[PDB]
Every structure is written in C-alpha cells, then in structure tokens.
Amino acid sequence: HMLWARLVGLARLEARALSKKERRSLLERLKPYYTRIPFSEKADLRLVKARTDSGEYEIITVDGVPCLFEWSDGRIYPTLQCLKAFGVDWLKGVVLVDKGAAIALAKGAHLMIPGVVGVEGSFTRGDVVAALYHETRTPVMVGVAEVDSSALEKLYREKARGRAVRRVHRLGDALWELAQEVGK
C-alpha cells in the first residue's frame, strides 16, 4: 500500500506475514526483556516496511496494530501504539513523571530524575521501561533505564540530578507519526 503521514510524508509500504521461524525467533528475542509476551499465539503478526523520503522503517504489526520495532542495539521495543493496545503491565516497569517532564519527553527529551514522581515494577539498569504522565497514566516515551528501579525509588525522592531513562521512542517522533498512520 501507500500512506501519507505527518513528518515522514509519503510512505511506500511492503507487508508480509512473519514465517513460523520468525515468529518463534521474535518470542525468543522478547522473553528476556519483558514480564510476558503481550499478545496471543493466535494474533496475526506481520512485518511492514515503509520507505519514505529519508529512509526505511520496519514495524511488526499485531492484528494490524503497529506494535514492535528493532532498535540499533539489536533489541525489539514497543511503540506507544503497542502500549495503548496492550497496556504496560507486561513491561518490567514504568516510571511515572510530572507534567513538565511529560511535555519535555513529548518534545524528545531524555527523562531526568527530578521529573520522576513514581516507580512501578522492578527492573535494572539497561532494561526497557516506559515513562507515563502520572495524572492520566498516558505513556509518552519508551526507553532504557539508566539506573535500577530500587536506586531510582531513592533518587527521585531526593530529587537527585541526572538521567533516569534514555529515550528511544516518544510521542510525536517520526516513528510515532508513521505508526499513527499505519494504525489508521
């Protein structure tokens, strides 16, 4: 197909079902990093490649929802659309942030410790976590923990300075815009 999205513009799409072998490899690549696989064995998984003016994006869809992507560190991460569809309980943890940090994250900033107001779950430095605006629990960013959850629980209470979560994907980024349109 073809689609036209904000920021990325016109995208030419090529989609196919994942093979039985790719589906198995996908589950094996997700297990080490999340509490559980969020989707069913009956869910239809497809690989969608979108070529835009700047380059190529590949997104794995789950029953048509653009949910997963491979980052430069070789791990598979969820899109925010994935979190809307399946929630966040399957993630090892989440970090709750204040309004100012939710707005900064939606502009593309990393999450600094003073913007944190709560920690949920249990995770260690390097784990995949999501940052949610505390008031509405809206996910605004997906990234990598810079500190263990137990350390963060202490650090945000002291309002220590420093980075809490390194941003990988966030609301309004090019992938998010493309995924929004794929979901339409």
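The first residue of the sequence shown is number 1, and the count goes up from there.
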| query | finding |
| --- | --- |
| Segment of higher mean CA temperature factor, 48-56 or 150-158 | 48-56 |
| Per the entry, higher mean C-alpha B factor between 107-115 and 69-77 | 69-77 |
| Relative C-alpha B-factor of residue 37, binned into the chain's lowest, middle or highest third | highest |
| Residue 131, C-alpha B-factor rank within chain (lowest, middle or highest third) | lowest |
| Where the record places residue 164 (Cα B-factor, split into thirds across the chain) | lowest |
| Ranked against its chain, the third holding the CA B-factor of residue 64 | highest |
| Among modelled residues of the same chain, the CA temperature factor third for residue 175 | lowest |
